[PDB]
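Presented below, as structure tokens, is a lone chain in the form deposited in one PDB entry.
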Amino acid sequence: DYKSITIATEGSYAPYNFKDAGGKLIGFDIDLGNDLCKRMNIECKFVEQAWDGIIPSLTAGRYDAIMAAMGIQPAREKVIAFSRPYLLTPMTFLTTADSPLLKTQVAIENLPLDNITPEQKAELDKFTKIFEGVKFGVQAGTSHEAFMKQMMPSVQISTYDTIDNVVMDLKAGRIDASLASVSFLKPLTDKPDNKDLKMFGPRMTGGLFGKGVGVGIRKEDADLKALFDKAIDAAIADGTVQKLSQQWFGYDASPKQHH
């Protein structure tokens, strides 16, 4: 049943995991991680780890789990295991409030990508054509990068160490647009600080975006995955995930029972 675990997080992806005024790690991932460990009867310790290297540091045994807004993504499933999802959110585009990209008609509001029908492909092709000549920025090593490189290869993309640097460059006009989850973009654009930023386009799920946010765990740690899965099911069931989601995101992005 374990006694103590070390959970890695990035600390540059608000409101999932970031730093407070005193430099302490805070956010939905921290609050949920602490709640889950309390249910598992395990001592919880959060450590900071750069996004670039967070998966090989887990497999190298530098810590026991990852809670860092990490999507349960098929490429990642080849390397590590995941808990069942603790948050579910679609992906959408981001630009500035004065951008002509905002006027683009969205033919498909909710776009599931596990299977891409010709109709869905025509919508993706439309946005690809509109974005040719638009400078995109994404955080390196994300499903956002994977989507742009696989689904929109003709679009110029710049990759960044952190999403904070993406946002800085979008505000400065060094890039024209970005891509991230609604769970990241809604709290970002809700801030009065970011009235100059707007979400737009289809809300996409599945495909290379994966099956929701999960706890990253080594494949051989089957018992640790079982403990997390039981704790997450209980935290969803009693409304804890919904409560924390409302607190950090300003809305309910918690998953539903029976999957």
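Residues carry their position along the shown sequence, with the first being 1.
The form deposited in another entry is left out here; the points below concern that form.
Motion between this form and the one not shown between rigid parts - which of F136, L58, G210, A146 is the hinge: Residue at the hinge, from the list: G210.
Direction of Cα pair change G137-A50 in that other deposited form, magnitude 3 angstroms or more: Residues separate in that other deposited form, at least 3 Å farther apart.
Outcome for the Cα pair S154, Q73 in that other deposited form, compared with this form (closer or farther; change of 3 Å or more): Distance between the C-alphas of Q73 and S154: longer in that other deposited form, by 3 Å or more.
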